[PDB]
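Visitor: Next input, structure requested:
(chains A, B, C, D, E, F and G, ligands or ions: 2)
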Amino acid sequence: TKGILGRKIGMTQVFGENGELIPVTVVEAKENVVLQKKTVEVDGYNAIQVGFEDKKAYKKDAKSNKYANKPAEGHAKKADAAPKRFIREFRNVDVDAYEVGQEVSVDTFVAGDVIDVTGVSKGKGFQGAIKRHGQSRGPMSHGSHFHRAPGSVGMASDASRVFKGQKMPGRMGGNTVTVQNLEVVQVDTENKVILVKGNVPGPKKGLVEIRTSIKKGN
Amino acid sequence: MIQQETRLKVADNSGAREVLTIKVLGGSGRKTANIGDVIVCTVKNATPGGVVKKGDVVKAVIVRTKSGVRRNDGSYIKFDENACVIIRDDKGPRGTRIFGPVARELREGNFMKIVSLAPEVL
Amino acid sequence: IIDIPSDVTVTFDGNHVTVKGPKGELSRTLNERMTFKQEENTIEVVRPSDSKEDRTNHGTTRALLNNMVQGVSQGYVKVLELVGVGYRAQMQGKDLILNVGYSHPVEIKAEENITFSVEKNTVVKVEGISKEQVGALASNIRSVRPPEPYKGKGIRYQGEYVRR
Amino acid sequence: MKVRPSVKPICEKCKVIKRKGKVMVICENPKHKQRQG
RNA sequence: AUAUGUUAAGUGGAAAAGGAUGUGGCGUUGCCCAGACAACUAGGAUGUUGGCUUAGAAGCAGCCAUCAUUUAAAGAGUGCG
RNA sequence: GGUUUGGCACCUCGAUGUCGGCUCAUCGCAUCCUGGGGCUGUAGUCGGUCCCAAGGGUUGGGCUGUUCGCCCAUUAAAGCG
RNA sequence: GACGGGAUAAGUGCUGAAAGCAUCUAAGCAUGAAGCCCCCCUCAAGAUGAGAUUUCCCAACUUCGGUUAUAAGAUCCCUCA
Ligand SMILES: [Mg+2]
Ligand SMILES: [Zn+2]
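Guide: Numbering: from 1, shown residues only, chains lettered A, B, ... in the order given. Ligands and ions are numbered 1, 2, ... in the order given. Dropping the coordinates below:
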């Protein structure tokens, strides 16, 4: 059991040894570090607190997240670590391992292993019904005027209210996502790069998050 | 992709030249088809002679599709036309010849009598 | 009343009771509304009234003290024969194996004071102290292939017969 | 089983009992298995 | 709250023909220690399907002629087929 | 039961717009398929009937304005409201 | 889409009386469906019961209560996805 962070950078091609073309995701686990170790003794759950991008030291008169407010620095000086931009946890891990304040290098992973992922989805604005939900559009000609709009909401003069679960134009994008049952292809420790079969919810340079699958079959 | 009310050529010794795709056997209301997918067709014209006639209705097995198939090696293929072949659930044809070359992925479906005849398995 | 034969000790504590014997020992509980004595080598049932329910608990509890007291000295047994072709059965390990034309064999595990006894490949028996346990287990076997109706190919108690 | 709101012993051996408030019968002949409700 | 019973169903806090070993009440009355009911073991008819029979059917196709005594005791069969 | 054809004339005449189809669905269960079961005049595969169960699914076309309906070809099933 | 487990309806039982027998049930014990729940994905402390953890800032004015411009921090402003 294990899990790391990373960054979607791009997708490519890569071949199996039977000649089967195999698509692939690229991800970068650069500068992963463990920061804090949240026991069940105090909090009520056993987990691992983590950090990914090196950022810089304390402000002087300074400004946004490129640099670091003191409390972050007060958290990263703690375990002999440089301050980090993205912090995330990982429950369901062998907390007996992972001393506070080390690295979670890609070598924990291995070719052939199965995984899930997590990440934000993509930017998408006020999208209509049929693009948000996939409803079916209406007729063009034969004189109509109902091309794309969401249809008749509800029932009648009775059942006056409109039920909550309906389907309407709102934003389509920002959502936590998970994609069970992907596989790993390769682990290049040189560039500290990993490769994941299939494709992941992310934009370029976005956040991506990984862990060992749960539905192995058990 | 091949679907309902789609007209095709043919390949065999039938006495027939083109057909119509009524239904595209599979599942619970498939719309589509590709190489390998058996279908239920009929006949909209005929050359003279031959066993089959106008107004008839029989099955067929698709081959020579115009939006070809992706092989798992990452290679593709494309013909120009669409076509089919007549069949009787021996999975062996009525006909005696096959013009118009064949797509090989039929082999997974265990069709070999028409693959005996086709220039060429491709 | 109830007998207390040789080497069968009797110790009662209100609702719970413990009784002892050669083939083992039991510890059952009863309804506390009942009442009890122990005469020297014999037993004295009580009920508090002629109420409806109390009659039930009276005759019942006779039956249960009888069950313990007979089980500890004698213990009980059940005869679950197999009849058919390809039917085979054998205690192997602490557990039982079976082979009945299913694509897979079967496993069964015991309890304390249980003994999956066998005479040979196609007949078995369990012998124990609690009549309850041995029969419950017996149906957990017999439920796996009930007696089919035409030929009788299947697990069965012995006297159980055929019904097309 | 034969579920019928009318219940009456169809033959001599059919013996009547109440199981869970409901009524049933037994005969050792399955084709006489009746439940009331 | 008081005294007295009933209900075991959320009846109360919607519904009929009809069905039932649910319980309670008021009565009629049979069998019961010259040892009842009930189950277990103990026996089951002798000739004889006996007449007329019915595929053979020998408690039994059923139309019944359906007697006595081996006898605790049993019917030209209580009965299961 | 209150889905039909009806009876009634209680709201509505200083306006409650009706058939059918498109998009949207939502619900009940007296279940059309899957799941589990009992019985069988169930040898097996296929079945008939009854019970629990409403979690999900319940198709394309021809024909008419069409509910309905007939038909073609599919399908595990092509539900009643 | 799972696997898997917990409790379950229909049903099958075990022991067993009321009712010496038989009895799946009233005392007791088990068993059993895509259903219920738990697990799976997501949102979510305005859950006014407003949570918990780590870290950071830390004066002078005697109104005593209180006031202050500032601290950490965030913003106004600007370049841009
Ligand atoms: Mg036309
Ligand atoms: Zn009967």
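Visitor: Helix or strand: which one has the spatially most central residue of chain A?
Guide: Here the mean C-alpha position of chain A is nearest to the C-alpha of residue A:119 (Cα atoms, centre = their mean), at a distance of 1.6 Å. Residue A:119 belongs to strand A:114-120 when elements are defined using DSSP states H and E.
Visitor: Direction included, what does that strand pair up with?
Guide: Listed by DSSP bridges, the sheet partners of strand A:114-120 and their directions read strand A:176-178 (antiparallel), strand A:182-188 (antiparallel), strand A:208-212 (antiparallel).
Visitor: So which of the ones you listed is the most surrounded?
Guide: Here the criterion is mean neighbour count by mean count of other Cβ atoms under 10 Å in any protein chain shown, and of those the winner is strand A:208-212, at a mean of 21. The C-beta positions use only the backbone N, C-alpha and C, and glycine is treated the same way.
Visitor: Could you see whether RNA strand G lies near it?
Guide: No: no part of strand A:208-212 sits near RNA strand G under the criterion Cβ under 7 Å from any atom of the strand; the closest distance found is 8.8 Å.
Visitor: Format the strands paired with strand A:114-120 as a markdown table; extra columns: distance to residue A:46.
Guide: Compiled in a markdown table, these are given as follows (distance: least, Cβ to Cβ, whole Å):
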| stretch | distance to residue A:46 |
| --- | --- |
| strand A:176-178 | 21 |
| strand A:182-188 | 26 |
| strand A:208-212 | 15 |
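Visitor: what would those look like in CSV with distance to RNA strand E?
Guide: Rendered in CSV, the data for the strands paired with strand A:114-120 read as follows (distance: least, Cβ to the nearest atom of the strand, whole Å):
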stretch, distance to RNA strand E
strand A:176-178, 46
strand A:182-188, 53
strand A:208-212, 49
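Visitor: For these, give me JSON lines that also has distance to ligand 2.
Guide: Below are these laid out as JSON lines (distance: least, Cβ to the ion, whole Å):
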{"stretch": "strand A:176-178", "distance to ligand 2": "61"}
{"stretch": "strand A:182-188", "distance to ligand 2": "64"}
{"stretch": "strand A:208-212", "distance to ligand 2": "63"}
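Visitor: Contacts made by the strand holding residue A:119 with the rest, please.
Guide: Under the contact criterion Cβ atoms under 8 Å, 6 or more residues apart in numbering or on different chains, strand A:114-120 has outside partners A:8, A:109, A:174-184, A:196, A:200-203, A:206-214, A:216.
Visitor: Name the SS class of the most centrally placed residue in chain D, please.
Guide: Here the mean C-alpha position of chain D is nearest to the C-alpha of residue D:25 (Cα atoms, centre = their mean), at a distance of 2.7 Å. Taking DSSP: H, G, I helix; E, B strand; the rest coil as the rule, one finds residue D:25 in the strand state.
Visitor: do residue C:65 as well
Guide: Going by three-state DSSP, the secondary structure assigned to residue C:65 is helix.
Visitor: Can you name the residues that contact the residue nearest to the centre of chain D?
Guide: Contacts here follow Cβ under 8 Å, 6+ apart; on that basis residue D:25 touches D:7, D:9, D:14, D:15, D:16, D:17, D:32, D:33, D:34.
Visitor: Derive a PyMOL selection command for the buried subset of those residues.
Guide: Here is the PyMOL command that selects the buried residues among these (16 or more other Cβ atoms under 10 Å in any protein chain shown):
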select buried, chain D and resi 7+14+34
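Visitor: Would you mind naming what in chain D lies close to RNA strand F?
Guide: D:1, D:3, D:30, D:31, D:33.
Visitor: and these as TSV, adding secondary structure and distance to residue A:47?
Guide: Rendered in TSV, the data for those read as follows (DSSP: H, G, I helix; E, B strand; the rest coil; distance: Cβ to Cβ, whole Å):
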residue	secondary structure	distance to residue A:47
D:1	coil	56
D:3	strand	56
D:30	helix	60
D:31	helix	64
D:33	coil	59
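Visitor: between those, which is closest to ligand 2?
Guide: Proximity of the residues of chain D next to RNA strand F to ligand 2 (Cβ to the ion) peaks at residue D:31, which lies at 8.2 Å.
Visitor: dump the residue contacts of the closest one.
Guide: Taking Cβ under 8 Å, 6+ apart as the contact definition, residue D:31 lies against nothing.
Visitor: and ligand 2, which of the contacts of residue D:25 reach it?
Guide: Within the set of the contacts of residue D:25, contact with ligand 2 (Cβ under 5 Å from the ion) is found for D:14, D:32.
Visitor: Among the contacts of residue D:25, which lie within strands?
Guide: Using DSSP state E, the subset of these located in strands is D:15, D:16, D:17, D:34.
Visitor: And stretch B:1-19, how far out from the chain middle?
Guide: Its chain's C-alpha centre and that of stretch B:1-19 lie 7 Å apart, by Cα atoms, centre = their mean, to the nearest Å.
Visitor: what does the one helix or strand residue C:97 maps to rub up against?
Guide: For residue C:97, the element it lies in under DSSP H and E is strand C:95-99. Contact partners of strand C:95-99, identified using Cβ under 8 Å, 6+ apart, comprise C:86-91, C:105-110, C:116, C:124, C:144.
Visitor: among the residues you listed, which two are most distant?
Guide: C:86 and C:110 (25.2 Å; Cβ to Cβ).
Visitor: the more surrounded of those two?
Guide: Counted by other Cβ atoms under 10 Å in any protein chain shown, residue C:86 and residue C:110 do not tie: residue C:110 has more neighbours, with 16 against 9.
Visitor: For that one, which non-adjacent residue is spatially closest?
Guide: Distances taken as Cβ to Cβ, 6 or more residues apart in numbering or on different chains place residue C:116 nearest to residue C:110, at 6.0 Å, with adjacent residues excluded.
Visitor: check contacts around the nearest residue to residue B:122 once chain neighbours are set aside.
Guide: Distances taken as Cβ to Cβ, 6+ apart put residue B:101 closest to residue B:122, at 5.4 Å, once the chain neighbours are dropped. Counting by Cβ under 8 Å, 6+ apart, residue B:101 makes contact with B:64, B:118, B:119, B:120, B:122.
Visitor: Name the residues of stretch B:94-111 that are buried.
Guide: B:94, B:95, B:98, B:100, B:101, B:102, B:103, B:104, B:105, B:106, B:111.
Visitor: ends of it, how far apart?
Guide: Here the two ends of stretch B:94-111 are set 14 Å apart, with distance taken as Cα to Cα, to the nearest Å.
Visitor: again, but for stretch A:35-53
Guide: When the termini of stretch A:35-53 are compared using Cα to Cα, they are 13 Å apart.
Visitor: Which single residue of chain A approaches RNA strand E most closely?
Guide: Scanning chain A for the residue nearest RNA strand E gives residue A:158, at 20.3 Å (criterion: Cβ to the nearest atom of the strand).
Visitor: surely residue C:10 meets residue C:19?
Guide: Yes: in this structure, residue C:10 is within contact of residue C:19 by Cβ atoms under 8 Å, at 5.8 Å.
Visitor: mind checking how far residue B:45 is from chain A?
Guide: When distance is defined by Cβ to the nearest Cβ, to the nearest Å, residue B:45 is 32 Å away from chain A.
Visitor: ok, how many other residues are close to that residue?
Guide: Every residue meeting other Cβ under 10 Å relative to residue B:45 is counted, giving 10.
Visitor: what about it, which SS state?
Guide: With three-state DSSP as the basis, residue B:45 sits in coil.
Visitor: name the element residue C:141 belongs to?
Guide: Assigned by DSSP H and E, residue C:141 falls in helix C:131-142.
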